[PDB]
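S.K.: model this:
(chains A and B)
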Amino acid sequence: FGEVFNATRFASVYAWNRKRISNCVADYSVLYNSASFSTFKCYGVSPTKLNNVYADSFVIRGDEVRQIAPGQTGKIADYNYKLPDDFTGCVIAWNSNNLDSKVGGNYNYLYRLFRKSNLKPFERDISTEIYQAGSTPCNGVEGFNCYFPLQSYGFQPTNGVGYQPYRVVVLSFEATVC
Amino acid sequence: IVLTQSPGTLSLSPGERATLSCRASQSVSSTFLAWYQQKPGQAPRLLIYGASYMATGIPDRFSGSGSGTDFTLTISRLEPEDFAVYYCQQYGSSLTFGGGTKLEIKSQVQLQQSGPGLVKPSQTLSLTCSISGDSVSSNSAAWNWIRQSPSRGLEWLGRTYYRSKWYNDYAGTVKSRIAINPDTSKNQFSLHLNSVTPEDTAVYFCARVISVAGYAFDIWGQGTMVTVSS
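M.R.: Numbering: from 1, shown residues only, chains lettered A, B, ... in the order given. Here you go, the structure:
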């Protein structure tokens, strides 16, 4: 658990990591007592009665936290990380403005806003193909009507709460783990 | 796309709120609406990129909002330092600047310009833009040339960038006589205007465009004044 939450550096939204946790002593209530979590919503199971399991880790914006949920529509929910409707797990998120925010602008975190098809649940797209928005083809060269598929989050300490980084850890409960 | 800003002139006192607007003739589908601040005698300063994302060193007072055709720039608490003209820029199917709103109050990468400021008519205008802190052949960058005159405003001229090879993009207004050549050995890129007229008298700028930063001009140059006189 600590190797996913207390990680030194997280991954981007489109390049969300996936940790297969097997053969473990799971203490699901070891972080519920931690009041450092601002968003904590379980969907497929009651939280207090939890006593393979995957852990998806990425960093999104402040307003994008509402999109990680079944049946949500948005830039992150359709082109970056989509959750199935019959989801069985929990979504944990907390503010990390004091970590992933340089004084001159932390442009290391990216996100995808250009894709010609919505992502399937638990789908990962690391495609750097130049998105064609116009009528004439691009042929791997960017320019007018040929934009880059990824965009950079701002992330500065003077940004609003809605535009601050939030580290999200999505737990998916798919008897090797109890 | 035609960007029409409103109001044209706004006079306020320190402490009040200035609500600026920028209406486009059609929808900016690429969502690359950028806001700039230009204090008198200086180059434009990137405030907001990509509809609402704030730039480097921009206080929380400046806030971007809007999408499609209506865009608003809301400055919460005004200071005497905010006396400047604010512009509106979009990228996508074209590269158009706004008319400008004159608001009156009652960093590691450096682009340095060089070249002559007095060119005779029917002669070539040459200006060089030295780059330090970033590579002129950067894969995620573009090197543009922009001029500013009270008759046309911020008029974008052209650009050059390097992916696998070198590519060009020129504005049809000056395409018949413009040339932008990069120099990798000196880490520069220069501007050439073949046949100049008194209409070309303006203040020219060179700026950097990062693709992941809303395709907005984030770091501008010194700003040289070229006069076409005989």
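S.K.: neighbours around the closest residue to residue B:68 other than its chain neighbours, how many?
M.R.: Nearest residue to residue B:68, sequence neighbours excluded (C-beta to C-beta, 6 or more residues apart in numbering or on different chains): residue B:27, at 4.8 Å. For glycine as for every other residue, the C-beta is placed from the backbone atoms N, C-alpha and C. Residue B:27 has 12 neighbours, counted by other C-beta atoms under 10 Å in any protein chain shown.
S.K.: swap in the one 3 residues further on?
M.R.: Applying the criterion other C-beta under 10 Å, we find 20 residues in the vicinity of residue B:30.
S.K.: how close does residue A:151 sit to residue A:124?
M.R.: Distance of residue A:151 to residue A:124, computed by C-beta to C-beta, to the nearest Å: 18 Å.
S.K.: try residue B:173
M.R.: Residue B:173 is 45 Å from residue A:124, by C-beta to C-beta.
S.K.: kindly report the same for residue B:168.
M.R.: 36 Å.
S.K.: picking up where we left off before, residue B:173 and residue A:124 - which one has more neighbours?
M.R.: Legend: neighbour count by other C-beta under 10 Å for residue B:173 and residue A:124, higher for residue A:124 (15 against 11).
S.K.: once you drop chain neighbours, what's closest to the more buried one?
M.R.: residue A:16 (6.6 Å).
S.K.: quick one, what contacts the most centrally placed residue in chain A?
M.R.: The centroid of chain A falls nearest to residue A:58 when counting by C-alpha atoms, centre = their mean (4.0 Å). Applying C-beta atoms under 8 Å, 6 or more residues apart in numbering or on different chains to residue A:58 gives the contacts A:10, A:11, A:12, A:13, A:15, A:16, A:17, A:81, A:167, A:168.
S.K.: in strands only, show me those.
M.R.: A:17, A:167, A:168 (DSSP state E).
S.K.: so which of those is the most crowded?
M.R.: Top of the ones in strands among the contacts of residue A:58 by neighbour count (other C-beta under 10 Å): residue A:168, with 23 neighbours.
S.K.: quick check, that residue in contact with residue A:67.
M.R.: No - using C-beta atoms under 8 Å as the test, residue A:168 is too far from residue A:67 to be in contact (10.1 Å).
S.K.: identify the contacts common to those two.
M.R.: residue A:60.
S.K.: report how many residues lie close to residue A:4.
M.R.: Residue A:4: 18 neighbours (other C-beta under 10 Å).
S.K.: and if you look at the one 5 residues further on?
M.R.: By other C-beta under 10 Å, 8 other residues sit near residue A:9.
S.K.: what sits against residue 128?
M.R.: Since you didn't name a chain, this refers to chain A. So residue A:128 contacts A:149, A:150 (C-beta under 8 Å, 6+ apart).
S.K.: my bad, the chain I had in mind was chain B
M.R.: B:113, B:114, B:115, B:188, B:189, B:190, B:191.
S.K.: now render those as CSV, adding distance to residue A:3.
M.R.: Output for those, formatted as CSV (distance: C-beta to C-beta, whole Å):
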residue, distance to residue A:3
B:113, 51
B:114, 53
B:115, 56
B:188, 48
B:189, 47
B:190, 52
B:191, 53
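S.K.: does the residue of chain A positioned farthest from its centre sit in a helix or strand, and which one?
M.R.: The centre of chain A is farthest from one residue, residue A:136, which by C-alpha atoms, centre = their mean lies 33.2 Å away. In this assignment (DSSP states H and E), residue A:136 forms part of neither any helix nor any strand.
S.K.: surely it touches residue B:93?
M.R.: No - counting by C-beta under 8 Å, residue A:136 does not reach residue B:93; the two are 11.2 Å apart.
S.K.: overlap in contacts of the two?
M.R.: residue A:145.
S.K.: show me the contacts for the nearest residue to the residue farthest from the centre of chain A once chain neighbours are set aside.
M.R.: Of all residues not flanking residue A:136 in the chain, residue A:145 sits nearest, at 7.1 Å (C-beta to C-beta, 6+ apart). Going by C-beta under 8 Å, 6+ apart, residue A:145 touches A:132, A:133, A:134, A:135, A:136, A:138, B:92, B:93.
S.K.: now the buried members of those residues.
M.R.: Buried by 16 or more other C-beta atoms under 10 Å in any protein chain shown: A:133, A:138, B:92, out of the contacts of residue A:145.
S.K.: could you list the buried residues of stretch B:212-226?
M.R.: B:212-224, B:226.
S.K.: quickly check: it near chain A or not.
M.R.: Yes - using C-beta under 8 Å from any C-beta of the partner chain, stretch B:212-226 reaches chain A at B:212, B:213, B:214, B:215.
S.K.: so which of these are in strands?
M.R.: Going by DSSP E, the strands hold none of these.
S.K.: sorry, back to before: I'd guessed the residue nearest to residue A:124 sits against residue A:57; true?
M.R.: Yes - using C-beta under 8 Å, residue A:16 is in contact with residue A:57, at 6.7 Å.
S.K.: what's the first-to-last distance across stretch A:36-47?
M.R.: Stretch A:36-47 has an end-to-end distance of 17 Å (C-alpha to C-alpha, to the nearest Å).
S.K.: tell me which residues are up against that stretch.
M.R.: Residues contacting stretch A:36-47 (C-beta under 8 Å, 6+ apart): A:28, A:31-32, A:65, A:69-70, A:86-95, A:166, A:168, A:173.
S.K.: which residues sit against stretch B:195-206?
M.R.: B:43-44, B:111, B:113, B:119, B:121-125, B:127, B:129, B:143-149, B:151-152, B:155, B:157, B:177, B:189, B:191, B:193, B:220-221, B:223-229.
S.K.: quick one: residue A:150 from residue B:73, how far?
M.R.: In terms of C-beta to C-beta, residue A:150 sits 26 Å off from residue B:73.
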